[PDB]
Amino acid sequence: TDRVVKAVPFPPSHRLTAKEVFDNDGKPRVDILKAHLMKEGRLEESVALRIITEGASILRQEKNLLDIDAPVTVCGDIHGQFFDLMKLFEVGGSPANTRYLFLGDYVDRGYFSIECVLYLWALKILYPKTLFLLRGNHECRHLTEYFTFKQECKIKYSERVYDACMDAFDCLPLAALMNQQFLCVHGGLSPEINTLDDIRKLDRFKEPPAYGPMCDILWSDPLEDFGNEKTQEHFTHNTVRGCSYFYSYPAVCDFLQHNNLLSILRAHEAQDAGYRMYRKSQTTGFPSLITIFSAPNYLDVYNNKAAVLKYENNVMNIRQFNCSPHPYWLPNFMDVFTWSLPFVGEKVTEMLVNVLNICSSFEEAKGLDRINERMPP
């Protein structure tokens, strides 16, 4: 009634209840759920908690290294970009009839991380054996503490929910083995990983350590000059993440042959064309490594595309896509008051003092974000 820009949609003040979110068999009501969320609606806290925990109990029962059949659509970083996530399922297909694999990094940097998680866990519960989620570097306490996710959780829900999320993250598998050809992982390789059994042997159920194999899988990048490196050296220390390694073309090639794999699919690195295909293996004539990245116009400034991988009938097709409009948030989810008030204080004070003295670009954006790719203290 008083409202100024009446065109703009007003967010549901309603919070979805258990009966609106689960049907009688216990199945999630995703269509209802997707819609509420897109209108920036919230759930009752208890219903949110149910989703996170029911999803976590599924993950808890999955192996470190999933065995995944093709056809499959594989996806990179999401980073809270919920409205692009919507576009993504449009492009990659309905989870109802599509097998999906997500390579982690669902939260942080995007102001809709909690929505992504919610929707994702919802889908996992519904499609326990056809939708698969892995762990990115951001799925942990350390980074969420440091970035906005912890904060996002408190504003929209509670800390009690953030914690439930932290426990759910510890359950996230580390790697997939796709169609018996592809090792799929968030970051990359580790000096401490020679075989796939090496992966199976880890205790994943914890906050990722600052050193070691579980750290490396989540954190590794390839060399900046990957494929054209001057030495046949495998791992060097990752001077860009602050931890873990750069791995070299020989490193990947040694590991691929030793384990009879075709390639490695990974996310973890922003890409302008939403994907990057690396040097073909000399043996197979197939790219030894592929980066995939699913946050278009990342951080609203890269103006990059995002992509997904759709493997089917022996063809690895890359579908790209652009960003989709989304609601504005003040940084760190500030309200207009906390934001404007001190400006007010200054400005009126300024006024009165006065009155009383009457008498005597991708690569550009890539460069600006290097500290944030790196590890928090």
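Start at 1 with the first residue shown and count on from there.
According to the PDB entry, the deposited sequence contains 10 or more residues between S360 and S361 that lack coordinates. Per-stretch averaging of Cα B factors for 132 to 140 and 217 to 225 places 217 to 225 on top. Of the two stretches examined, 251 to 259 and 233 to 241, the record assigns the greater average C-alpha temperature factor to 233 to 241. The residue among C323, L37, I318, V47 whose C-alpha carries the highest B-factor in the deposited model is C323. Ranking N332, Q61, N313, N64 by Cα temperature factor from the entry places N332 first. The PDB entry assigns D300 a C-alpha temperature factor belonging to the highest third of its chain's modelled residues. Ranked against the other modelled residues of its chain, the C-alpha B-factor of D272 as given in the entry falls in the highest third.
Sort the modelled residues of the chain by CA B factor and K87 lands in the lowest third. For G212, the recorded CA temperature factor ranks within the highest third of the chain's modelled residues. Among all modelled residues in this chain, the alpha-carbon of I193 has a temperature factor (C-alpha) in the middle third.
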